[PDB]
There are 2 protein chains.
Amino acid sequence: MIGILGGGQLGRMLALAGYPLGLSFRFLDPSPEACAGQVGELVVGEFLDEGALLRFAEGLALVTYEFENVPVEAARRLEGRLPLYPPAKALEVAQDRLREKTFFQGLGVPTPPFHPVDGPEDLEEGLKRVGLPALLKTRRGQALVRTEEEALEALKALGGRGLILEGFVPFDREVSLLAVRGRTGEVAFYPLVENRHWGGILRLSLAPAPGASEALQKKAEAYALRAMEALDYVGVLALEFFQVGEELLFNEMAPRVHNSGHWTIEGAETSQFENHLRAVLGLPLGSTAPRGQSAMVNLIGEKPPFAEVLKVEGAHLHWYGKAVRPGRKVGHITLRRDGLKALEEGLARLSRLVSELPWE
Amino acid sequence: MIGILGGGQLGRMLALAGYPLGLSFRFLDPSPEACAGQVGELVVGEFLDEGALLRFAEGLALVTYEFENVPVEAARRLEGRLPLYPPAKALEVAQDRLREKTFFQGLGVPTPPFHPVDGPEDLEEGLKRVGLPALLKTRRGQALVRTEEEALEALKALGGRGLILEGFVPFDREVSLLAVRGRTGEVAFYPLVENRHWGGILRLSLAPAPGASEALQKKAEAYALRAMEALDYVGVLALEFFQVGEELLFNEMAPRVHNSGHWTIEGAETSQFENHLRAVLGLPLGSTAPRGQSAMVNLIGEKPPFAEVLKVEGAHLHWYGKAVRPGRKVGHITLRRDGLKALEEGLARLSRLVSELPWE
Ligand SMILES: Nc1ncnc2c1ncn2[C@@H]1O[C@H](COP(=O)(O)O)[C@@H](O)[C@H]1O
Ligand SMILES: Nc1ncnc2c1ncn2[C@@H]1O[C@H](COP(=O)(O)O)[C@@H](O)[C@H]1O
Ligand SMILES: [Cl-]
Ligand SMILES: [Cl-]
Ligand SMILES: [Cl-]
């Protein structure tokens, strides 16, 4: 029986992808309403409630996680008791912006100019050895700053410590590469994906990344291989980069299945969810070859009219079962066509059904 | 919340196709082990246990079924309280071989020669207007008869009443057409698929039916549409035919998703399970266009080595969660590639993992 820290939609989808393989699941989440509960055994409890933690761990074959901000303490507490994939280290690295950048910077992968900022002297200490405008964000929320003074004003009423200074980067687009490494050591890579954000929320994902170079792919995969092996990664790893020209600058890493990959459920030969499961289980990884072209559109804080989205062919609706609320991810729609024209035509139909969707 | 009579694997896959649509499920089944119980709330009770039957229906939005032989009594007993799709009549027709052939004969669809037999005088009465060899099947098991006396030497120890005489048919192959009709009245048709049985159990399904002509397909659909409209059918209907030449004879019908359609989970734009749900929900039906080519091989009373099947590309494993037992359907594997050559290469490698399959 697989145990999953986090009862969100990512966990809900891991379970749905696992039942066909005859697997079992148990989730842990502090909210009785976790949508994964509608699909498997859900244990309600705080991650730092040792009692709930150990109760949930009983009989488990292994433990993995879907909630990216899960307390690393809860993951390490169970690490001794049962197998845990990905390794707790990955959470550590991914949960601290500075620790994240240094790690990749140390692997030899490009990253925006960044500098640690704990004191006003640090802010200046690197405010120029970085640039301007730029971003100042908590290492563990964030604020873009243009004015040389708006910066020293930024740290104020933001914390004043434990922050990171990143040099704003004018990117052509944002892309991400979902990669996977089995318990056996085998690896696999999905086509790059173009992600579009708006209001600080992923709104649309285009796969494969439109135009993506053939060398661009190998480039991303290369960086990904380095990261996974460096961490003894097992499962699915999501790497987000900024694309400037033909360069890739590491932006963020998530030790788990990622939103920018939901299109793999029908748009790839093997979903990221099934592969994550195959990986942590020590089974042969499945093919990541794409099935035509996909457009992943998130459903944020609103419930589109089902009959209307289902009228579009190639459109695959996914409602998470969560209660609708402002800015909340309540589902997504994957449009899988076999020609960019058709794809672009269906996307037109769906854009009229979803708000705040930045597409033309 | 959709309620399903029967907790078998068909119900289990129905629920899996539904969660992505934000649906809920409740199953009713005599066995506490119903594999559907692993994916939804399962009420353990006999279909003729009125107490359990009504307890099960509490609050359901509608009720459908997967148990091929659910007592039609239980289906009609709820038809009053809530919507029931497909209509109970389809269950009556499907459960009586004579009523089945009689029905389709009336629609004008070809059927092997058949004659009712409830006594020695009837056997002869039709045993001549049919011709040996032939099959003497019980209307509700069966026996192939060659000898003029092996016939009379069959009705006994087989009943003697409520049997039907069918004229043995030398078919090129067997094929089935899955059709769907929603409340709205809209309809859809999957590609005909080629089914190969052995030991009286479906062993392999090839989709789309190899070589099937555009005319054959159109005819099969014509019959299907007549049957569906004649029954005010709502949901997925599975029609099995015998292909002899360029014509096909109706052999059997099942008012539900069918085994010969499991390849549609990944081999068609919309699975038979999602379309069945879309139909009974009054939602726009989904495209039935095939995604390349598929081969559906059943897993009978044996658990293949998972690592071994996942080794082959394009292979999709589906373990039902049932306890392995002789003759029991415990899972299946859908292999879908985009070229007949590749398709045959895979089948070759899988055919070494599964016993009793008539391959090549
Ligand atoms: N260094 C950067 N330069 C420009 N935009 C950025 C930078 N870092 C983050 N963003 C934007 O902020 C959003 C991501 O927020 P976050 O996930 O906390 O990094 C995306 O919409 C990015 O376009
Ligand atoms: N009229 C028929 N002529 C030849 N074979 C038949 C006939 N009816 C049924 N069968 C065979 O019996 C099996 C179907 O069993 P059943 O579904 O109970 O009719 C299949 O493997 C068929 O090949
Ligand atoms: Cl949730
Ligand atoms: Cl079962
Ligand atoms: Cl499905």
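Naming convention: chains lettered A, B, ... in sequence-line order (proteins, then strands); numbering from 1 in each chain.
- Residues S205(B) and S260(B) share a closest heavy-atom pair of OG-CA, 3.6 Å.
- Closest approach of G8(A) to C35(A), counting heavy atoms only: C-SG, 3.5 Å.
- Of the two parts of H332(B), neither the backbone nor the side chain holds a non-hydrogen atom closer than 4.5 Å to a non-hydrogen atom of chain A.
- Most heavy-atom pairs under 4.5 Å with chain B, from the set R291(A), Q38(A), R278(A): that is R291(A).
- The contact between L21(A) and chain B is made by backbone and side chain atoms together, counting heavy-atom distances below 4.5 Å.
- Checked for salt-bridge contact, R352(B) and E308(B) miss the test: no charged N lies under 4.0 Å from a carboxylate O.
- Of the atoms belonging to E269(A), heavy atoms from both backbone and side chain fall under 4.5 Å from chain B.
- Of the charged side-chain nitrogens involved, at least one lies within less than 4.0 Å of a carboxylate oxygen, so that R337(B) and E313(B) count as a salt-bridged pair.
- With a 4.5 angstrom heavy-atom cutoff, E41(A) does not touch chain B via any of its atoms.
- For chain A, the option among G321(B), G314(B), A289(B), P284(B) with the highest count of heavy-atom pairs below 4.5 Å is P284(B).
- Minimum interatomic distance between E66(B) and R256(B) (heavy atoms only, all atoms of both residues): O-CD, 3.1 Å.
- With a 6.0 Å radius and a threshold of 12 heavy atoms from other residues, nucleotides or ligands, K218(B) has its NZ atom at or below the threshold.
- Residue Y320(A) does not touch chain B at all, counting heavy-atom pairs closer than 4.5 Å.
- Residues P304(A) and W319(A) come closest through the heavy atom pair CD-CZ3, 4.2 Å.
- When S24(A), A307(A), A315(A) are compared by the number of non-hydrogen pairs under 4.5 Å with chain B, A307(A) comes out ahead.
- Highest contact tally toward chain A, considering only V312(B), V39(B), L285(B), is held by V39(B) [criterion: heavy-atom pairs under 4.5 Å].
- Interface summary for chain B: among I265(A), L23(A), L281(A), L283(A), the most heavy-atom pairs under 4.5 angstrom belong to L283(A).
- Heavy-atom distances place both the backbone and the side chain of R336(A) under 4.5 Å from chain B.
- By the neighbour-count criterion of 12 heavy atoms within 6.0 Å, atom CD of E344(B) is densely surrounded, having more than that number from other residues, nucleotides or ligands.
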